[PDB]
Structure formats: structure tokens, C-alpha cells
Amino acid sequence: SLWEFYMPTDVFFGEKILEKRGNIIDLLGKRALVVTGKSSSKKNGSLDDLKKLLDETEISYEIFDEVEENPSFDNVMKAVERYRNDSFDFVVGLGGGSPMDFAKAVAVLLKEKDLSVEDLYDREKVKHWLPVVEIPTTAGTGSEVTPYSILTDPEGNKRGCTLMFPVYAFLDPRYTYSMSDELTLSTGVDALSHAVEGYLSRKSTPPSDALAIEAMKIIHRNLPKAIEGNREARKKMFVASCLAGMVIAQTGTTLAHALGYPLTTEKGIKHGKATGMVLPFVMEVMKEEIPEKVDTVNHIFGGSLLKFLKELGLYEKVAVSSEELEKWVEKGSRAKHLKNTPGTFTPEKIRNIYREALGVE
């Protein structure tokens, strides 16, 4: 066999974590660029805490609070072209996966001033970048512990790239208490999918399996209560989302993530819910290769992950034309994730996965 474990991010978790461990960012420089969403970070106390930390460490900064959900190439360039004229020592991503991923792309482009966003997809061109600090507020994408960035290209397709691991990750569960029940559900299922896909992936490793198993157990026991607003459960979900991120940082994701993309970009379905909807059906095909592991996942979730997700009210009614379905099937058949997904996926199997997922509601 042959495997590798690499997750160099220094992770700090706890209430008031920026106050208690945040000063370490002073090792990164004297001026920082903060990238965050339009309003969430202003309402959960995170931006205020960050401003306090920057003031305390006497680090000057600028705030780009215009990151959109599922950020596009243009969104990133709208910030890069402007901040390339400044001189930042490091970048801080604050919020959900969108601003956290946005921060990684900007960190490279502010250093590599001659590169375009498309160039980021060429690993050979990514050799220099500003350090990145991530402060997540959802539970979650686990972006604070992965080297990935996902952007929507000019054609409207979600495309991911591998950049750098954040130097520091600061997780304060209090920031997640403001999530709506619906966002808690979607982000929680995204975390669930990361742990499940990482465990079932052909790139699975012993360390990532260990982390994935614990994450799955935590999510199974806490997601329902978290959605309802139970604080202790939300704290556990935040822990699980981080563990799951560590997992995919080793394994990457599977066809489940790839197939959910069009549901998000074309049907407005939140990322986590989109992935979660197709995941159980992708698993049915994976069974042809790893039935034991698939059985393990179903057992952890009470006997059936599909039923577990259905009980959460995850499935949505989605309008899909034959024309749209065929387009999604064609794109899925070319997903890079296919190589790391157990099972044999023909266009018909992918077509069936969508029909099954869409057929629930």
C-alpha cells in the first residue's frame, strides 16, 4: 500500500479563541486583508472579535465584505485587481466556505501579480502566496483545514483547485449559534458528506479513516439537535466539520460532490443539500466495490443514511428538464472525482442517480 498524511494547519478551537490564541497571527506580519461575506460576520460577533484582535496586535487592515455565495472568477478579480495595489502580509478568511475559499485564491494572486484566476488551476503556476488565516462561522465546509478553493467559472461551472493549507485556523463555536435551522442543516450535511466521501474514497487512508469515523458518529448523534438550535450539539457539529475537513484534505471528494454542483449553480440548492441528495445513490454504485465500508456508513447513521437524510427533510422538489438532466449527466461523466470513486459509473448510472435523488420529493 501507499499513503500520505499532511495537514500542517495549526488549529485552535474554543469559546473566545481569538482572544486566547489569536495573537499568534502577529508572526505573519503587520498588515492584513480580511475577506468576508456581506452581513453574517457582523451579526455573530466574529468581525468585531477580529477587529479587536487586529487592534490588539497592532496590525493594520482593510475589509472586503463583498464575497458572494459560491464566488465567481470575476468576484475574485474585483478584489485582486484592487488589492494588488496595496501591500498585505497575510489574508484572513472570515465566514463560511465562500469567503474562506475566496481568501486562498486572493492570497496567491496578491503574491503572483501576473497570474489570472484560470492559472490557479495549474498547480505548476502556484508556487508563491501570502499566508492565510481562516476563521470559520459555519459547521461546515472544513475549508479552514484544507488547501482547496472552489469557484464558479465564466461558464457557470463549479470548479475546484488545490492551493495552500491555511497557517492558522481559529474555530469559535459561538459564531455558529446564529445559523438559521436551514443553514445548520445544509452545512451539517456538507460536513457529513465530507466525512462519508472521504471514508469511501479510493484515496482513503488509515489516519483519515480514523478522523472520518469519529466525525460520522458525532454528526449522527448531533445533527438533528443542532438544527433545532441546541448549542451543545452545534458545538459538536463544528468539531465534526473540522475533522471532516481534515479528512478530505487527505482524500479529496467523490462523484457525489461533483454531481451536486449543477443543482447549486442551476437550481439554487445549497451546496450541502445538493451533495447530500445524491450521496446515498452514489453509494449504491460504490457498493459494487466496497460493500463493507458502505455498510459501515449506513450502520453508523442508524441503519440507513438515506433514511437519516430523509428524516432531516433534506430532499427538495427540483424542476429538471430532460435537456438539463442530459447536460448534467454528460458533465458528471467527465468529473475528475470519478477516478477516486469506487464503482463503475456509466452515463446511465449517473442519470439514475439524479432520477433517484430528484424522485424523493
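Note that residue numbering follows the sequence shown and begins at 1.
Averaged over their C-alpha atoms, the temperature factors of 118-126 and 215-223 are higher for 118-126.
A summary of the deposited B-factors shows that, of 39-47 and 288-296, the stretch with the larger mean C-alpha value is 39-47.
Note on the listed residues 240, 110, 256, 167: the highest Cα temperature factor in the record is that of 110. Taking only the listed residues 132, 191, 277, 76, the entry reports the highest CA temperature factor at 76. In the deposited entry, the Cα temperature factor of residue 252 sits in the middle third of values across the chain's modelled residues. Ranked against the other modelled residues of its chain, the C-alpha B-factor of residue 360 as given in the entry falls in the highest third. In the deposited entry, the Cα temperature factor of residue 352 sits in the middle third of values across the chain's modelled residues. Residue 305 sits in the lowest third of its chain by CA B factor, as recorded in the PDB entry.
The entry lists a Cα temperature factor for residue 103 that places it in the middle third of the chain's modelled residues.
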